[PDB]
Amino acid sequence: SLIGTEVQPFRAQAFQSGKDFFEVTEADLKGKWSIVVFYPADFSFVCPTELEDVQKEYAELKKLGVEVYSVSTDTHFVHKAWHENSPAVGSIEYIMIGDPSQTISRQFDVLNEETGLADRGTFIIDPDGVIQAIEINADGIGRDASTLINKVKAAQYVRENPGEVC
């Protein structure tokens, strides 16, 4: 499992409510507690529930010094389109990376080779670029965005309190 491994090098276009398109690299994921969530496709049939539940928790997550990135094999262009032409996804303030080359979906071992889409997986990365938590559910079973603040806290506690885990 990628648990405990370090994020591999990548470069991709992203969109964020506010700033116009900008590049992103393995670097941005280093130096801060980043949490990236993957999802099938933009403009999909399934309701963007997962994505916005995260938006709600975003306010708080930022306080904990955490950054949030959503990823799908769609182009950053459609991410913007989706963001505008939809109230739900329009409330998202965090970063939306586009992975049309499939490279970053593939590196997190979450790309479904035959559909060309990513799986519902969420990763939590420590300031060192190391994966500390992995959650991948099948289409239908939802990811509870609330349990995130707990995990990142727990992750951060153990970060400067080794062995004190009981």
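The first residue of the sequence shown is number 1, and the count goes up from there.
(request) Identify the stretch, either 105-113 or 132-140, whose C-alpha atoms have the larger mean B-factor according to the entry. (result) So the stretch with the higher mean C-alpha B-factor is 132-140.
(request) Higher average CA B factor in the deposited record is what I'm after, so tell me if that's 21-29 or 148-156. (result) Comparing 21-29 with 148-156, the higher mean C-alpha B-factor belongs to 148-156.
(message) If I read the C-alpha B-factors straight from the PDB entry, which of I124, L51, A41, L61 is highest?
(response) The listed residue with the largest C-alpha B-factor is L61.
(request) Ordered by C-alpha B-factor within the chain, which third holds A88? Give me lowest, middle or highest, please. (result) Top third by C-alpha B-factor.
(request) Consider only the C-alpha atoms of the modelled residues in this chain, order them by B-factor as the entry records it, and name the third containing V66: lowest, middle or highest. (result) CA B-factor rank for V66: lowest third.
(message) Ranking every modelled residue in this chain by its Cα temperature factor as given in the entry, which third contains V46?
(response) Highest third of the chain for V46's C-alpha B-factor.
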